[PDB]
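Shown next, in structure tokens, is the structure this report addresses.
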Amino acid sequence: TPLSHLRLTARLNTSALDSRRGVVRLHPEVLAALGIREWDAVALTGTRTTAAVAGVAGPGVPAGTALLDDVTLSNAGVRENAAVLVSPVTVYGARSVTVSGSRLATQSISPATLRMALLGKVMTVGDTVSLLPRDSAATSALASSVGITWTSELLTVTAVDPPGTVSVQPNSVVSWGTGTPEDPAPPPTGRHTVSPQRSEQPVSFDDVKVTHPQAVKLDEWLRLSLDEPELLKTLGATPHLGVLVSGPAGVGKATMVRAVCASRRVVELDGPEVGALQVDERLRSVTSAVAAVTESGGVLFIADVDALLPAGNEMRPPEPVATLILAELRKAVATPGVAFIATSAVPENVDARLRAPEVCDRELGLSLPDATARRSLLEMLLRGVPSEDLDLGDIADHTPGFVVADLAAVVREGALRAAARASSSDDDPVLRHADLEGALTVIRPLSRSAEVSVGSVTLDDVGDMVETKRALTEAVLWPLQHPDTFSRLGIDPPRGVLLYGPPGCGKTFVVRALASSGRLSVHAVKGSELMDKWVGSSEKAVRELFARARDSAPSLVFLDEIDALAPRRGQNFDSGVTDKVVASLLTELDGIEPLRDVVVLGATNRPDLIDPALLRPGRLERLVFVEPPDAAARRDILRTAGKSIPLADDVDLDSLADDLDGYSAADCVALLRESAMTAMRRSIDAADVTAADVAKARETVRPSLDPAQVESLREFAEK
Ligand SMILES: Nc1ncnc2c1ncn2[C@@H]1O[C@H](COP(=O)(O)OP(=O)(O)O)[C@@H](O)[C@H]1O
Ligand SMILES: Nc1ncnc2c1ncn2[C@@H]1O[C@H](COP(=O)(O)OP(=O)(O)O)[C@@H](O)[C@H]1O
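The sequence shown maps to residues 17 to 151, 159 to 473, 476 to 744 in the deposited numbering.
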């Protein structure tokens, strides 16, 4: 894919409340020309190369101007009012990030605190990052009540992994530079901690289960295994318990586990810290933790185990040490009075041998908070926090795709805006609605820090698809959001949905937008990846997926590229591997049919390549055809995507829509992208997209839809 880029003028961001937060201000036309949305990271290049998060510039900022704070100008090697190269950058989740600082901060600030303070932010080697933008007895009490422990010291990034540009994730490890010979070496990492029975917990079990109903099921599993083993023995069930908890990053998976195990003794390892250890020290750490949990019993908990036991991509299989690490865990699970719980944002990022009867026999998927749940979280985050008229309902309504981690960061930022307002007024800081709303202009949700992340796309980002949205809302959202009314009205349990249409028309895009609603756990796979890329049995991956969905209800099961997952008999010959998968799939689909809190949806560009047994009643029987965007639809798509692109008077998006027959939704989005770029390159100071700019763009952006293939898809439901 061609790497788009623009030279802009770099002006110093004069707003202190907008500076030193890892945010660069760009005109929307730049975002359009570069092919990115707000909150996407950009590469910034002067004499040096750095990266920052693209935030939309306020009014009064011409398209040819980028606003950079003092540290960004320094990191990019750009003088004020000088030229800067801006371009989209690939930002992977960091395995590790090594930072350097004073001997005092190196000894006083834990790696967990570092990760919390820098969560979601982009890092590049050589960069100067700030843990806190600003810095009295009432203000310090405020900072601590909101959870600000660290200070405002500027650090430097001495290393990242993988190389290039990375973002700090919950499964990342952020550790000090080890290390300057003069200064003392920093404390050891990757070793287990023990929390005794009935220990003081920051977040209670009651607090957790109001937005995470899955905590009730986890608690019930633990109690049966550890407290009432004769009940399970009477039924012939297994007394052992291994659980893999998954769900969006920072949604609160680890906090839920600690809350549920509050009355138990917990032996806890930090997956990333241990995973970063030298291979032999890594094994010893796991071994020490297993012997400790089996010495007295209780819960062995590994937060973010995907950093410790990565799934591997065949080019690199799992390391040999993983076999021995798994043997230790397996030994723990078989121990009476011992239970094993591990977390991971994406389950398939963990070694396949962990998702097995011998270690983790069952799984639990958490969900994004809906608007109601978000308001519950904000009120919880603001206990003992001096405030006025916060209007939390409005803040909750304006944070879709957010998680508690983000909301916490929103509140911390709000405390800074209050403390800044306080210092000028000399009054004691008191949070108002302005602070929280102002925080939203600088805080990037974790769901936007890396698509394919649940919450990155919302229905507003989807132009048009009125009829498709309508059908999906009624077929998927309505039954899940109203279980009892549907049952008492004698409405059938949610029918399986097959979503199909020509490429670049949003059949996948709209599902991802739909899946960001909240109060609904999403369990999604791409047909190709599960079959070809994943190390492990594909047939067991199917049963695993559905079992996690059943246990995490209300659940949506998204089988994208369903044609690859279940092709027609004869298309594949792999010693019966495909057969077992399809037969297992049919079996799972039939188990989902009577359920009311689980919906299954398959998507494909080629429905005729699916085994017809998938399309029988009780299975994927609701056929939703996604039409290519007509004249009406193209108007919406253009207007949605081109909303903030300044246009010249001789540009009419409506008449343009009528002329774009054969252009898919993606084609239209690309025509605006190309148009904006054509205008930016033509004249920076005369940025307004002209009719000629669009005319030139149409030379490179061609129609992609085949009228015969489109006809073939439309007739599919009747044939
Ligand atoms: N009820 C709560 N009150 C305050 N902070 C919370 C609460 N729940 C979660 N957090 C914070 O949000 C972040 C995300 O929680 P965590 O469980 O670590 O996410 P993950 O799902 O990635 O494990 C954590 O840093 C935690 O400190
Ligand atoms: N209605 C729409 N509005 C805006 N962008 C869209 C729309 N439909 C599709 N796209 C663009 O197309 C991309 C994916 O297209 P989609 O049709 O979902 O996949 P497929 O090619 O598998 O059908 C998305 O990243 C999105 O940018």
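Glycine is no exception: its CB is placed at the ideal position from the N, C-alpha and C atoms.
Contact annotation: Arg568 and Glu613 have beta-carbon atoms nearer than 9 Å. Counted as a single uninterrupted DSSP element, the alpha helix (DSSP H) harbouring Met403 occupies residues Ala394 to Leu404. Minimum Cα-Cα distance from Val196 among the listed residues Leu84, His548, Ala334 and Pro127 corresponds to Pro127. DSSP places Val651 outside any alpha helix (DSSP H), giving it a letter other than H or E.
With 16 or more other Cβ atoms inside 10 Å of its own Cβ, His43 counts as buried.
Residues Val266, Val268, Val280, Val322 and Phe324 of the same chain have their beta carbon placed closer than 7 Å to that of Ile364, with the five preceding and five following residues left out of the count.
A distance of 9 Å or more separates the beta carbons of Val623 and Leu645.
With 16 or more other CB atoms across the displayed protein chains lying within 10 angstroms of its CB, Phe650 is buried. For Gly388, the shortest separation between its Cβ and any heavy atom of ligand 2 does not lie below 8 Å.
For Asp230, the shortest C-beta to heavy atom distance toward ligand 1 is below 8 Å.
Non-local beta-carbon contacts of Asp429 in its own chain, meaning distances under 6 Å to residues more than five positions away in sequence, involve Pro468 and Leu469 in chain order. If you look at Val427, you'll find it isn't in any beta strand (DSSP E); it sits in the alpha helix (DSSP H) that goes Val427 to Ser448. Looking at the DSSP output, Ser103 shares a beta bridge with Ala59. Per DSSP, the unbroken beta strand (DSSP E) holding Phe583 starts and ends at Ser580 to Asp585. The closest CA to that of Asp710, considering only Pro671, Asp675 and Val313, is found on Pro671. Residue burial annotation: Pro637 is exposed, with fewer than 16 other C-beta atoms found within 10 angstroms of its C-beta. Pairwise C-beta distances place the region 160–172 out of contact with the region 298–310, as fewer than three of them are shorter than 8 Å. The straight-line gap separating the alpha-carbon atoms of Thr358 and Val602 is approximately 35 Å. Distances from the alpha-carbon of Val382 to those of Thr346, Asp412, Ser163 and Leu254 put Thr346 closest. Around the C-beta of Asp489, 16 or more other C-beta atoms lie within 10 Å, and the residue is accordingly described as buried.
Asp374 and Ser700 have their alpha carbons spaced roughly 45 Å apart. Taking non-hydrogen atoms of ligand 2 into account, the C-beta of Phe534 is found less than 8 Å away from one of them. For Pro592, the secondary structure class from DSSP, reduced to helix, strand or coil, is strand. Annotation for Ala608: the continuous alpha helix (DSSP H) segment containing it runs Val602 to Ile617. Under the three-state reduction of DSSP, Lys532 is assigned to coil, being neither helix nor strand.
Scanning its chain for C-beta atoms nearer than 6 Å, with the 5 sequence neighbours on each side dropped, one finds around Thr66 the residues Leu60, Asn91, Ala92, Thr140 and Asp143, in chain order. Around the beta carbon of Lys668, fewer than 16 other beta carbons sit within 10 angstroms, so the residue counts as exposed. If you look at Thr493, you'll find it in the alpha helix (DSSP H) that goes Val491 to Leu497.
Put simply, of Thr510, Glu96 and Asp184 the residue whose alpha carbon is nearest the alpha carbon of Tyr108 is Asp184. For ligand 1, a non-hydrogen atom lies closer than 8 Å to the CB of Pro225.
Going by DSSP, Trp503 is part of the alpha helix (DSSP H) stretching over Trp503 to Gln506. Rounded to the nearest whole angstrom, the CA to CA distance from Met556 to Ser609 is 13 Å. Nearest Cα to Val40 within the set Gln123, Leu349, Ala26 and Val369: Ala26. Taking 9 Å as the cut-off, the Cβ atoms of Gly424 and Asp458 do not count as close.
Secondary structure of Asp417 (DSSP, three-state): helix. When beta bridges are read from the DSSP output, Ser112 appears opposite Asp184 and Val196.
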